[PDB]
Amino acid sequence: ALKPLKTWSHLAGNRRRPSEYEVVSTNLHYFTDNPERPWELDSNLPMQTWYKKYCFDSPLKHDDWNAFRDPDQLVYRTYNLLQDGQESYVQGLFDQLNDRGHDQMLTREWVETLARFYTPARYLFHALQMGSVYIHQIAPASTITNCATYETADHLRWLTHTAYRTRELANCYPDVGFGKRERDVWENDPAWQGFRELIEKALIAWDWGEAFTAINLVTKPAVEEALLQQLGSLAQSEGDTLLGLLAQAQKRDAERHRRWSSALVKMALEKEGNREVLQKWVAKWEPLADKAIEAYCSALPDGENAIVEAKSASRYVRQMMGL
């Protein structure tokens, strides 16, 4: 008879006793057991085809993607411990600056800037949420999928801050059209069309590795530097302390997404040929990001410096992984 094991069969002989993280996150996708028939149905079903094409046939290759490990090691339970903490802080900010009358103290000029540069981000943030939720459902291993799950909730987290602050702003400045105008700004403002195009196009890159690169390595770095870093330093110097803080709080999420993307890239580099693959995908998309950052930041105050700073900080992210 087979003996009871110390740990899951797929983890035995690891020398170190498996962590909670390893216990609940590893080797969970079963569609990768039969690359020829992922799903327990006819093998010509459109979904069969979708997974064969966009997961299995990706040029980004590894013999064992299940070896991937979040460096932050997040599980649901600790994701909600972290994020409840960070939300007590942000909801705290909202409560107490309202109480203070913070929105009343902003200048008309700044209010106008918010309507143009800040509010419509609900579309860009929802579209990252879609972006990251797609990586989830197409990635080759559960630990990859998980990082993308928690990142998708952050993206919703940001959409949610923006939706909230948008009422408060409408409540305080009823004539501006906060909440009504954002769609036409997103759709028609030249400052947004760089990003809108970047994201619409990256949203239809189905290959898992090209989705990871286009969303996590290229679009995100560019959205983050432009909307969190640049608009936030601006916010602070124009007297918006709430958005300077809010934005820095969301950049905590972004730095975590960066740490796992970097770990993934690091793992992909163990295999000959992947750097070239990733570098190629970056070159295809970088020009759309450059355009995004140009069209957005150039319309800001001190526009050209914001472009130089955002360009180089977002490139830096990729440089640090060895790309």
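Numbers for residues come from their place in the sequence shown, where the first is 1.
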- Query: In the PDB record, does 250 to 258 or 294 to 302 carry the higher mean Cα temperature factor?
  - Reply: 294 to 302
- Message: Please compare 152 to 160 with 169 to 177 and say which has the higher mean C-alpha temperature factor in the record.
- Response: 169 to 177
- Item | Lowest, middle or highest third - CA B-factor, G85 | middle
- Message: Using only modelled residues of the chain, where does the Cα B factor of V277 rank: lowest third, middle third or highest third?
- Response: highest
- Binned into thirds over the chain's modelled residues, the C-alpha B-factor of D207 lands in the lowest
- Message: Where does the C-alpha B-factor of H62 rank in its chain, lowest, middle or highest third?
- Response: highest
- Cα B factor band for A139 (lowest, middle or highest third within the chain): lowest
